[PDB]
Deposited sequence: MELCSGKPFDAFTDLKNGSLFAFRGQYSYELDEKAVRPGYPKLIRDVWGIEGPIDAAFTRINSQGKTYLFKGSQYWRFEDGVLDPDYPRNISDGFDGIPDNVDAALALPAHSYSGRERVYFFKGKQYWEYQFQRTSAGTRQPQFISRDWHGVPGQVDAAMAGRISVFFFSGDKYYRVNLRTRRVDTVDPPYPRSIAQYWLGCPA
């Protein structure tokens, strides 16, 4: 499927060195401005060596910058696209207190956040309600990712931008929630 199909996404990694990956179904899309074919649809099994769909993803901010993919009760950790030895592992073993089958995850510009249903967990290398602490985020999310100064939450075919200083959905025009394809990816009309 094409990146700009307008369909919802399943997971996003965090912006790292100007690039990130989006996931939808069996497909992995590398989002890099330097790409000659930006967002060329590749198979998750071909790029990451695992079957889609995936549940959530994040990338850590440290210099190793390892990427974590979550599916069901398991997670995989990669470095430079290569699966580390002794993965996959159980979420319950790597992330004590985090549930299986998460909806989304993100790593802050060291804190990671997991989202499932109306709740989210803070993990540092006690659930709370998403709408209580992320002002303007409706509750249930389908995917999330962090940039440098903002985080983004995805719901169906639309998304929200949250300012990290205020923890509030920013006021833009047209307002959030708005089309992922049109306003986040800049897809052609």
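Residues of the deposited sequence missing from the coordinate set occupy positions 110 to 116, 133 to 140.
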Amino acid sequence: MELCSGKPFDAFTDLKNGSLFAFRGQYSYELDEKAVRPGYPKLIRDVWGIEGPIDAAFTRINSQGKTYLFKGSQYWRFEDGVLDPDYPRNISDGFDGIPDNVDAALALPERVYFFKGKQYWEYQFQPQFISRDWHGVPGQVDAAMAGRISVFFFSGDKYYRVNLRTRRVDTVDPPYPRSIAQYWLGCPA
From here on, numbers count along this sequence of modelled residues.
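Of the two segments examined, 162 to 170 and 5 to 13, it is 162 to 170 that shows the higher average Cα temperature factor in the deposited entry. Taking only CA atoms, the mean B-factor in the PDB entry is higher for 81 to 89 than for the other of 68 to 76 and 81 to 89. For the set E33, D55, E30, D133, the maximum C-alpha B-factor listed in the entry falls on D133. Between the residues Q26, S150, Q126, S155, the entry's highest C-alpha temperature factor is the one at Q126.
Per the PDB record, residue ranking by Cα B-factor puts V47 in the middle third of the chain. Compared with the other modelled residues of the chain, the Cα B-factor recorded for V141 ranks in the middle third.
Among all modelled residues in this chain, the alpha-carbon of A189 has a temperature factor (C-alpha) in the highest third.
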